[PDB]
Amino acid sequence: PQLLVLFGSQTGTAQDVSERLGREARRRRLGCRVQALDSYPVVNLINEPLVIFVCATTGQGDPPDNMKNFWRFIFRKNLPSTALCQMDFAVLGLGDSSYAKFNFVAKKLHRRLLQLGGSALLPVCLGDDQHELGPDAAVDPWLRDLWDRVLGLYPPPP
């Protein structure tokens, strides 16, 4: 048992958060791969049982450069609604409440993965630079919730 963490990051925050998830996976003795969305072979997703998507929202509500090819792929009109039936996922958004399109990338991605038959483990995380503590205000409790759900998927020895 294994976790895949895929990110879309323009200025490094969503990547750093993904690096943190990798550290937290290691502490929980779970195998973990961390990779940018445009570099992961997206066809392999219909085979992944557990994927966290960590996605920033950039200028004008657009996806970061390193998830653009992924975005084009995942929103293909005729992908079967059944494509991701084997997948448990969660989407961790990084954004800023100042903007009109607050965490639009993560919100849209969550909805799309549901459309493709994925099972969400958690609501989308609304990481928000506007918070006094930055995105960690939303990320910390969300990650706590995620690990509780993940250890439901992958129980201890007894």
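Each residue number is its position in the shown sequence, starting from 1.
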| property | result |
| --- | --- |
| Between 32-40 and 129-137 (mean CA B-factor, as deposited), the higher | 129-137 |
| Mean C-alpha B-factor comparison - 41-49 and 117-125, higher one | 41-49 |
| Residue of maximum C-alpha B factor among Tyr99, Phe89, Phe104, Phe70, per deposited coordinates | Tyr99 |
| Within-chain third of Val150 by Cα B-factor, per the entry | highest |
| Third of chain Cα B-factors occupied by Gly59 | highest |
